[PDB]
Structures are given as C-alpha cells and as structure tokens.
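Next up: a single chain in structure tokens, the form deposited in one PDB entry.
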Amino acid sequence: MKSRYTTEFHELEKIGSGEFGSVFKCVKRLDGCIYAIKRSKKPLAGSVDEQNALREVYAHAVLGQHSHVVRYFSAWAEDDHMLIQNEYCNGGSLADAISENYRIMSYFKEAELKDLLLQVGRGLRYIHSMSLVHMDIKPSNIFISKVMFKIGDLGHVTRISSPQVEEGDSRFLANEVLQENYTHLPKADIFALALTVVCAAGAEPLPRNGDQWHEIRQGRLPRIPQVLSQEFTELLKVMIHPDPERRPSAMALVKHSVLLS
C-alpha cells in the first residue's frame, strides 16, 4: 500500500461526492495546510475520457495566478485513481449559500450581486485572456473564501477556437452552444454568469428544458423576488441576449459603469 495520498495527507472529511470522483478536505502533513482534493477514477489510457481528464490538469496548471480562480497545487496518478490537490475554500460553494438564502427568504442584495458579478467576471477575463473558456459556470462551481468568489471545477475548460465542445449544465447553457455553434465561446460563459447572478438574487430553480428554458434563451430574465436598479437589470438582460455578439465580453463587464459601484 502507502500511496502518496495517504502518506502526504490526513483526510478530514468528504465534502463532495460525485459521478466521476469524490472530493476530500485534507491537511498536508508537511506544510500544515488544508487542501481540497479530488480523487477520480483513472480513465482507460489513450482514451477520449483521459484527454478530457488531462485538460482539467492542463487548465488548472496555467490558471494558477488568479485571485478569482481556485489555485492548483499538484496532480498525480496512483492505483486506478487520478488526484488533483486544490486551494480549500472555506465558505463552500455559491450553490449552498443560495440554497440557504432560499430557505430563509434573504437573498444577495444588489451591492453583493454586483460584487459577485464583478469578481467572477475578473476570473473570466483572465481565463479568456489565456484563450480558454470555462464552459460550466454555475453556482456549484463558484467557491467562497471581504468574501472572495473563485471559479473552480475546470473539467469543461477548452481553448476558445475549439471545434468540439463538452457542453455544460443545461440550466446555464447558451442556445448557440446547444446548436453546436462555437463561433463566440466566451459569450457562453457570459450568458452562464448572468444566470448564476439571477439565482443568487433569489430566483426559483432554473429549468433544464421545456418552454421556460426557451423563454430565457429568447433573452428574458427569470423572475427575481427583489427590486433591482433598471441599469443592473439591463446589464443582466444584455448578458443573456440571444445574439451572443451583443453580450458583453468579460473585459467590457468588469469595466462596466454599473459595476464601478
């Protein structure tokens, strides 16, 4: 026995539990720090599935310098497992923050939503300037650590001019991407961020398909149970515009007047 995982880390609890791969909260014995470690089944080898597993590693390994992307420390292979060791974000995911807000009827306020939008948008600005796109922006892939919001789960990351794409979650998926039209991939991360912010504003759970799904993709915001400024609401709406060329880029988003404050 005696893997690197067992020798180098103390596993504290399971925090994530999945199709491909569990995640643990662990303390590295040598440095004293807590890390989030994903232990996934090691794919067939030379396989399509292995290439997709290695893009996550390659993605994380060039996306290690940003405050709004989860930092990467190491990745390795042993047994029939692949392991990636990442920054532990101690406030958990945005999805659980939203879920708790939903039960108490107290949501993110307009100032907090602007801050979320701006932070994740700086994250995206950086990803996109590396000629990469994320492809699965959603609350369960945004982690909380001033609160700081960090983009994690780089499992769908691809290069921006990619001719093949692994489509992200349905509820956050831009229609041009469903229609296999990959001409403005970055604007699909923009579309998914707007809907991430809508969920944070206290929206009902987004639809996966059917008529409500198509109504959003026509450029119509889900109902938000709180009064937002017209300007803020306009910016969210433009972010889900049917024409992805109309959506702001991430650079135009972070320099937007609405987010100045």
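All residue numbers refer to positions in the sequence shown, first residue = 1. Only residues modelled in both forms are compared. For the two forms, the rigid core is made up of the largest set of C-alpha atoms that agree within 1.5 Å on superposition.
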(request) If the chain runs straight from residue 181 to residue 182, say none; otherwise bin the unmodelled deposited residues as 1 to 3, 4 to 9, or 10 or more. (result) none
(message) I need to verify one thing: averaged over C-alpha atoms only, is the B-factor higher for 38-46 or for 198-206?
(response) 38-46
(message) Per the record, averaged over C-alpha atoms, which has the higher B-factor: 235-243 or 11-19?
(response) 11-19
(message) Please say which third, lowest, middle or highest, residue 131 falls into when its CA temperature factor is compared across its chain.
(response) middle
(request) Among all modelled residues of this chain, ranked by Cα B factor, put residue 138 in the bottom, middle or top third, i.e. lowest, middle or highest. (result) lowest
(message) Sorting by Cα B-factor within the chain, modelled residues only, which third would residue 151 end up in: lowest, middle or highest?
(response) middle
(message) Which third, lowest, middle or highest, does the C-alpha temperature factor of residue 101 belong to within its own chain?
(response) lowest
(request) Classify residue 87 as lowest, middle or highest third according to the C-alpha B-factor given in the PDB entry, relative to its own chain. (result) middle
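FYI, the form deposited in another entry isn't displayed, but the following is about it.
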(request) Go through 47, 230, 67, 209 and flag the only one whose CA is off by 2 Å or more between the shown form and the other one, rigid core held fixed. (result) 47
(message) After superposing the rigid core, is the C-alpha displacement of residue 162 2 Å or more between the shown form and the other one?
(response) yes
(request) Superpose the two forms on their rigid core, then report whether the C-alpha of residue 106 is displaced by 2 angstroms or more between the shown form and the other one. (result) yes
(request) Would you mind telling me if residue 159 and residue 163 are closer or farther apart in the other form than in the shown form, C-alpha to C-alpha, with a 3 Å or larger change? (result) closer
(message) Knowing the shift is 3 Å or more, I'd like to know if the C-alpha atoms of residue 220 and residue 105 are closer or farther apart in the other form than in the shown chain.
(response) farther
(message) Please list the stretches that shift between the shown form and the other one, defined as three or more consecutive residues with CA displacements of 2 Å or more after core superposition.
(response) 43-52, 60-64, 103-106, 162-164
